[PDB]
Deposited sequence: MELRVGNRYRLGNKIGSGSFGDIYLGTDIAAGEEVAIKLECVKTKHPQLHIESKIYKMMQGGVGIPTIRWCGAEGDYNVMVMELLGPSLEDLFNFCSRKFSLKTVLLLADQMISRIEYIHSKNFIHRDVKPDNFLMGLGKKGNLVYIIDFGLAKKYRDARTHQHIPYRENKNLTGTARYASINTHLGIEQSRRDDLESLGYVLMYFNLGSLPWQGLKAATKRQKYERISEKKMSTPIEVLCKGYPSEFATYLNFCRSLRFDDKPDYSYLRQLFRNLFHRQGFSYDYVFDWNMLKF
């Protein structure tokens, strides 16, 4: 039996993010379960406590995870979060690596809103990918949450909204597979870049796998080159134009531009209602007991 904070019982690993590791535990007092991020204190570069503050700044936003309790305790900084349903990668695999157009558009609509909300509290996420989107439990079950603000950062000053400066020679940050063209080239990341990664997440959900996925070297140069060489028209072939239009828009944004988040959603909701779907949140994984 393992206790943290003198009120939580620590169970088993249920996750691994960018830093730390996530486990199941129980609020012994409340009588209800939780996610418990742990980072060991003898890491070269501490992070949980910074991330913890990013969560308190996002709190009370649609599909932003609730933080129950934060603090350091012996050898582990710890962060108790509301427990959440499974990730879109988990669901994607449960659905055998293929989602209907309906599920990809219900998700697209929520994914763009969480990204927009982060951008309005002055942060970029920088690792938009299937694992960092999660469905809530029970009441909040048709609601995509966003997680892992471990690589996120301020892109503009909280007071003046002055954008961060443009620069170059940045290292890779974020998952190679879904990075922006610009990140592959070493350009400082901005809002455009978060939404362009969503773009690849959406095509990944349609294709089953991107075409720069599953190459085999002995660096990641290769990924970069085929992502940059793939004409959008060819990546999106056999899928609605709206997916090429979203990505061309994002690829066409400028470093400090405010993306038009209403327009990008609009592509998708208009495609949605033109196909004859009903906005009932029946997803592809709907026969589960969330």
(request) Could you sort out which parts of the deposited sequence are absent from the coordinates (no C-alpha) and give them as ranges from 1? (result) 1, 220 to 223
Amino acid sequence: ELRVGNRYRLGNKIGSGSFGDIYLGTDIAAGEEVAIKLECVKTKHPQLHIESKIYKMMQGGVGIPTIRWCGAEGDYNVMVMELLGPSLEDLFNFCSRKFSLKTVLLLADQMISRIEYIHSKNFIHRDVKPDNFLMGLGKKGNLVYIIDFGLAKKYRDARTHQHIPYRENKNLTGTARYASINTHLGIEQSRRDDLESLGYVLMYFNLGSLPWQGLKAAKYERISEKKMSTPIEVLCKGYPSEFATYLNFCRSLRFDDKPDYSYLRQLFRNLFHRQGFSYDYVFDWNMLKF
From here on, numbers count along this sequence of modelled residues.
(request) Higher average CA B factor in the deposited record is what I'm after, so tell me if that's 25 to 33 or 61 to 69. (result) 25 to 33
(message) Please compare 102 to 110 with 138 to 146 and name the stretch with the higher mean C-alpha B-factor in the deposited structure.
(response) 138 to 146
(request) Determine, from the deposited record, the chain-internal third of the Cα B-factor for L247: lowest, middle or highest. (result) lowest
(message) Quick check on the deposited entry: does the C-alpha B-factor of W212 sit in the lowest, middle or highest third of its chain?
(response) highest
(request) Consider only the C-alpha atoms of the modelled residues in this chain, order them by B-factor as the entry records it, and name the third containing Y281: lowest, middle or highest. (result) middle
(message) Can you tell me whether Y178 has a C-alpha B-factor in the lowest, middle or highest third compared with the other modelled residues of the same chain?
(response) lowest
(request) Would you please rank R126 by its C-alpha temperature factor against the other modelled residues of its chain and give the third it falls in: lowest, middle or highest? (result) lowest
